[PDB]
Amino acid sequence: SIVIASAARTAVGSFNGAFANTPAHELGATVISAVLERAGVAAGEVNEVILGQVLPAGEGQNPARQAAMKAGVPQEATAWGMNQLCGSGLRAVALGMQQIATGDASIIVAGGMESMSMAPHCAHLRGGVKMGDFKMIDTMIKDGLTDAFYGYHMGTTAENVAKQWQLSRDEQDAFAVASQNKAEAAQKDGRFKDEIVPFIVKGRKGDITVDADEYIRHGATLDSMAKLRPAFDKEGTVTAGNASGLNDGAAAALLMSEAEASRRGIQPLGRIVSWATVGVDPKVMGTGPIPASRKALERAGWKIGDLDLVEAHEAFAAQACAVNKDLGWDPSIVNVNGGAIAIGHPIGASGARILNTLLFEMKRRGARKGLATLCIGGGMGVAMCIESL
């Protein structure tokens, strides 16, 4: 029914790094063109653009639209942004999939984009301030990284899950180092070249082409991971090393009916067979994927043993390990090329980013069945099933 005709993403950039000054809509713009040209479809053919974004502050009216306009998409089309936090970039893919199934559209471009570097500090000042200090609020931390119900960082929700499943520091660090090692394996082999479209950072001191994930750490040993201090709980287990990072990047994909694909002689990356989203307790948001992944598989009629490959968001090694333990899928088909702990996590784009990894890694190894899932801040989960054509 609905295929993903084509994909693309920038490389994930380190916090205040390669894209320290790049607006999200501009990474979304480049990423939009990539899927247009990779599929040989013209921007004058895109009905609408759906883009996940969690930190829009200061970017101006409807960033999703600036990204489509800059991308070359004609004005007679439509564009919009959305936010289911970390799951945003993949929920957009499912939302675009729904515009087509209801016949409200032929061709959608869907994904997400985040610039955590460009997120401003804010303060409500209309009332004036007669006397005393006031706080300038970091929107990245407040709107993206802090639980609105329990008042603490997502790193604390990860300490909770850790306690639940009794995950030792050692095990988490092992997972963390494996992630970094698998990504360093995939980077130096070229398995990210395909899915990555280079981004040119226009500049005054001379242009700059960025086409490599800069967050990945090389020579990451168990030892280097064990010298780290806890980053949330002083007697805890969660560290900077065994947890995702703060990053910049974007990721989209082109959607059309399977028949449309055939009309244009296009060889899609996969068919979207099912998706699903379920809520859990914010205190243990890390558990999101389990109910989400099983719901998805149910709607697909698949068994967890039918999966050839899995991309499972690495918010924290803590929650990552506990999700694997329960679902029991072969941990040698999960995050084959490493995950967020190494690749980074530009929130709003992340769900569409691992979709990119999942799809291109299915094409090169010939896998037929794949799943992508992420935990979500505020206690949610989301998952999707892709089938190779």
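Heads up: residue numbers just count along the shown sequence, starting at 1.
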Residue stretch of maximal mean CA temperature factor, 359-367 vs 54-62: 359-367
Which of 160-168 and 88-96 has higher mean CA B factor, as the PDB entry lists it: 160-168
Selection by C-alpha B-factor (highest) of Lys142, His121, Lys202, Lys193: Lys202
Residue selected from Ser257, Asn242, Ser117, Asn83 by maximal Cα B factor: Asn242
Third of chain Cα B-factors occupied by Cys375: middle
Third of the chain, ranked by Cα B-factor, where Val129 sits: highest
Cα B factor band for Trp275 (lowest, middle or highest third within the chain): middle
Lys325 CA temperature factor, ranked by third within the chain: highest
Lowest, middle or highest third - CA B-factor, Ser33: highest
